[PDB]
Amino acid sequence: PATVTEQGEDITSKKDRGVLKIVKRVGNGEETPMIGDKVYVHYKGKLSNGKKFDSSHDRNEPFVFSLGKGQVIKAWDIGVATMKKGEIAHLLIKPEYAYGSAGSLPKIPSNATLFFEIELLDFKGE
Ligand SMILES: COc1ccc(CC[C@H]2OC(=O)[C@@H]3CCCCN3C(=O)[C@@H](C3CCCCC3)c3cc(OC)c(c(OC)c3)OCCOC/C=C\COc3cccc2c3)cc1OC
């Protein structure tokens, strides 16, 4: 997470560093998911300080959602939108792009900075 702080690319339209990304593994894909595409990922998630660890692997199930429909935090609609199939991205997220000053307790404290390792398994339209 500190690495992303230093090295991570800004992928916010507004470029406020609210969302930062390192492409760790390059995908075989040439396409990215469109808004309204059903998205299939593996993911690991923690607060910046390593607390509240969560993963699709542990839940024995991929995390499936439709892109750009606010099913997930702003940071995910922005971040997975940049990703290619087979790609693994690292994300460091400002609370403004996650749960904000209100947070979401008990899991998400007030003004929490999140870290995600996401693997984009696939995406489909229709
Ligand atoms: C439009 O804005 C929102 C959209 C959706 C939500 C609800 C939470 C949502 O989760 C997320 O947005 C992100 C990104 C997708 C992976 C999960 N996630 C989380 O933030 C994680 C959180 C990662 C950081 C360590 C603590 C757990 C994360 C993981 C959680 O448990 C797996 C979690 C949670 O809620 C605070 C956040 O618990 C609530 C869900 O209980 C279990 C049920 C379903 C599985 O979790 C889901 C399902 C769908 C969406 C999410 C969780 C709040 C939003 O407000 C900003």
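FYI, side chains are in, hydrogens and waters are out, and symmetry mates aren't considered; it's all heavy atoms of this structure. Counting from 1, the numbers follow the sequence of the chain as shown. One-based numbering, in listed order, for ligands and for the atoms of each.
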Check: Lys52 side chain, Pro106 main-chain N or O, donor-acceptor pair, under 3.5 Å: yes
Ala98 near ligand 1 by a heavy-atom separation under 4.0 Å: yes
Test of proximity, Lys107 against ligand 1: N or O pairs below 3.5 Å: yes
Which segment of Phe63 sits under 4.0 Å of ligand 1 when only heavy atoms are counted: side chain
Student check: side-chain heavy atoms of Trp76 and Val39 closer than 4.5 Å: no
Heavy atoms of other groups near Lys15 NZ, more than 12 under 6.0 Å: yes
Close side-chain approach of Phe123 and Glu31, heavy atoms under 4.5 Å: yes
Residue pair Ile73 / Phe116, side-chain heavy-atom distance below 4.5 Å: yes
Ligand 1 contact by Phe116, heavy-atom criterion under 4.0 angstrom: yes
Option set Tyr99, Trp76, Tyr97, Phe115, criterion heavy-atom distance to atom 18 (N) of ligand 1, minimum: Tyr99
Check: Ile73 N/O within less than 3.5 Å of ligand 1 N/O: yes
Residue portion contacting ligand 1 (non-hydrogen atoms closer than 4.0 Å) for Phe65: neither
NZ/NE/NH1/NH2 to OD/OE distance under 4.0 Å, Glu87 and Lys21: yes
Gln71, portion touching ligand 1 at heavy-atom distance under 4.0 Å: backbone
Side chain, backbone, both or neither: the part of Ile108 lying under 4.0 Å from ligand 1 by heavy atom: side chain
Enumerated ligand 1 atoms positioned under 4.0 Å from heavy atoms of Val72: 1 (C), 2 (O), 4 (C), 12 (O)
Student check: side-chain heavy atoms of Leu91 and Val19 closer than 4.5 Å: yes
